[PDB]
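A closer look at the structure
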Amino acid sequence: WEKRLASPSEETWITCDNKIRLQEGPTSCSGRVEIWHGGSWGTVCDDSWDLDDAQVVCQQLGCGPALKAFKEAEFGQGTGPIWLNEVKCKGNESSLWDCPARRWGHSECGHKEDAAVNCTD
Amino acid sequence: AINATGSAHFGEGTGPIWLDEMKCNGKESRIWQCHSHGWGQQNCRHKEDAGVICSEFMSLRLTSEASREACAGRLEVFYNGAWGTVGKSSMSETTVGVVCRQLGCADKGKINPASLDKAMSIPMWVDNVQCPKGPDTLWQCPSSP
Ligand SMILES: *[C@@H]1O[C@H](CO)[C@@H](O)[C@H](O)[C@H]1NC(C)=O
Ligand SMILES: [Ca+2]
Ligand SMILES: [Ca+2]
Ligand SMILES: [Ca+2]
Ligand SMILES: [Ca+2]
């Protein structure tokens, strides 16, 4: 241990991997919504999965506006736990964590109902 | 059938789900003859409960310009997924009595001429309705087909 000022180059600035991703889709900007929390990845159920909610997810990743928000696990059967439910995004939220939902609660939703979001490039 | 609703349109049941993933040709009379995954072979929840709206299901309501349902205006019947009015000819006093009691407005009512204008035009469904004394709803009153 030493106490000594230094240039900003010696200082560390880190950037962890993104918490929100889309997987299993045919394209890079489309797929099943996968979120990271509690040390493991997981899905989000399709209950009240509106197009407004899909807009937030596409904005978080950085893809284009969401043309369609799907349900009933179109792309494939999800793997892992189910984190969120009944999520209702107004569209003005920057992150999915800002929207109110079943925040890390036991989800009555099964593993056949994993949501999926298709954004444009 | 006219509709085949889902996601607990009419409510959530409480008993154990029996059948699941039903595909059927439509020829067999009983529901049990259709192909099923088994008994209790379910992976759903009570949020997913089936529901239907058959052809013979009917309803009555008095439309008006102010509100879609009210206690005054023109009465309409809803047959096989379509709306329509009721013939005025041969309408006894007791016939208007059953209509008002069924809708929960008053024990008795009266027939008045048409208002200044009609909101919309619909095909007339039934005519020559004669309600006897004793029935509570219009569906038990004989009339023309
Ligand atoms: C039933 O189906 C008809 C015809 O498509 C539709 O107009 C109506 O909204 C449906 N009703 C319900 C309750 O789903
Ligand atoms: Ca659903
Ligand atoms: Ca929503
Ligand atoms: Ca079927
Ligand atoms: Ca099932």
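What counts as what
- Residues numbered from 1 in each chain as written, not as in the entry; some residues may be left out.
- Chains lettered and ligands numbered in written order.
- Part of a larger assembly, values for the part shown.
- Heavy atoms only, no water.
- Contact = heavy atoms within 4.5 Å.
- Buried area = accessible area lost by both parts, 1.4 Å probe.
- Salt bridge = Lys/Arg side-chain N within 4 Å of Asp/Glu carboxyl O.
- Polar contact = N/O pair within 3.5 Å; in protein donor to acceptor, adjacent residues only side chain to side chain.
- Nonpolar A, V, L, I, M, F, W, Y, C, P; charged D, E, K, R; others polar.
- Donors = N, O, S within 2.8 Å, 3.2 Å for Na, K, Ca; no water.
- Helix = DSSP H or I, 4+ residues; strand = E, 2+ residues; numbered from the N terminus.
- Buried < 20%, exposed > 50% of the residue type's maximum accessible area, 1.4 Å probe, protein only.
- Disulfide = S-S within 2.5 Å.
- UniProt positions renumbered as here; feature names shortened; annotations may be inferred.

Structure determination for this entry is recorded as cryo-EM, at 3.3 Å resolution.

Attention now moves to the interface of chain A and chain B. Taken together, the 5 residues of chain A in the interface contact 5 residues of chain B. If you sort the residues of chain A by the area they bury against chain B, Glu-108, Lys-112 and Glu-113 of chain A come out on top, with a joint share of 78%. Seen at the junction of chain A and chain B, the total is 3 salt bridges. Between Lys-112 of chain A and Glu-48 of chain B there is a salt bridge, with the nearest N and O atoms lying 2.8 Å from each other. For the pair chain A and chain B, the interface holds 4 residue pairs in polar contact. Residue composition of the side of chain A that touches chain B, by class: 1 nonpolar, no polar and 4 charged.

This part takes up the coordination of the calcium ion (ligand 5). Around a metal, the perfect tetrahedron of four donors has angles of 109.5 degrees, and the perfect octahedron of six donors has angles of 90 or 180 degrees. All names here are of chain B. Of the protein atoms, only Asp-20 (OD), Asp-20 (OD), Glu-21 (OE), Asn-43 (OD1) and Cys-44 (SG) coordinate the calcium ion (ligand 5), at distances of 2.4 to 3.2 Å. Expressed as a motif, the donor residue spacing for the calcium ion (ligand 5) is D-E-x21-N-C. Of this pair, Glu-21 sits in the loop between strand 1 (3–5) and strand 2 (51–53) while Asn-43 sits in the loop between strand 1 and strand 2, and the two are 22 residues apart along the sequence. The partly exposed category is assigned to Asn-43, whose relative accessible area is 39%.

All names here are of chain B. With an S-S distance of 2.0 Å, the disulfide that UniProt assigns to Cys-24 and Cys-34 is formed in this structure. With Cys-24 in the loop between strand 1 and strand 2 and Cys-34 in the loop between strand 1 and strand 2, the pair connects residues that are 10 residues apart, well separated along the chain. In this structure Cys-34 comes out as buried when scored by relative accessible area, which is 7%. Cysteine pair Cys-131 and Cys-141, annotated in UniProt as disulfide-bonded: S-S separation 2.0 Å, below the 2.5 Å cut-off, and the bond is accordingly regarded as formed. Of the two residues, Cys-131 is situated in the segment after helix 1 (93–103) and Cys-141 in the segment after helix 1; the sequence distance between them amounts to 10 residues. Using a relative accessible area of 10% as the deciding quantity, one classes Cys-141 as buried.

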